[PDB]
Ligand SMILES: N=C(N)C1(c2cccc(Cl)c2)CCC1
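Here's a solo chain for you in structure tokens, the form solved without the named molecule.
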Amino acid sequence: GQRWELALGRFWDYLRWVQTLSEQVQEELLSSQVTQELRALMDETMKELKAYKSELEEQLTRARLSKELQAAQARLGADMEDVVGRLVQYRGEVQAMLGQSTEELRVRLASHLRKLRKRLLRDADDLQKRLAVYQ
């Protein structure tokens, strides 16, 4: 129930919706709305994570653990940036189609998103584990 976990949960719920590639998702993927909204949720998650670590350091080998926690935090942020970037890519590939069917592009986006989401989830679990043993 930590603040950064709730923020990550909002990013995660939003991305679970994007995965469906429903009509309204597809509409908002060709505007900047999905990637703008996900970036805001990403930034919030990272901000709350930074503040949580800072407060944990008040209730605490340490050097190694602190560097490993930094690396796990950076992985989470890179994962979220990779998701946003893949969705920016999709918008460009649609435009290149010049009005032609995007069904194949959507099948391919859906399968790639599943794998990016798998990576984000496993990195979030690893980060949560390191935060629990840091404290």
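Each residue number is its position in the shown sequence, starting from 1.
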Checklist entry - Just how many deposited residues go unmodelled from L60 to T61: none, 1 to 3, 4 to 9, or 10 or more? => result 4 to 9
Item to check | 100-108 or 64-72, whichever carries the higher mean Cα B-factor | outcome: 64-72
Checklist entry - On average, which has the higher Cα B-factor in the deposited entry, 122-130 or 16-24? => result 122-130
Checklist entry - Highest Cα B-factor in the PDB entry belongs to which of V94, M80, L56, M46? => result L56
Next on the checklist: Is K50 in the lowest, middle or highest third of its chain when residues are ranked by C-alpha B-factor?
Outcome noted: highest
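The form solved in complex with the named molecule exists for this protein as well; it is not shown, and the discussion that follows is about that form.
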Checklist entry - Has each of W4, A124 and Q128 got a heavy atom lying within 4.5 angstroms of the named molecule in the deposited bound form? => result yes
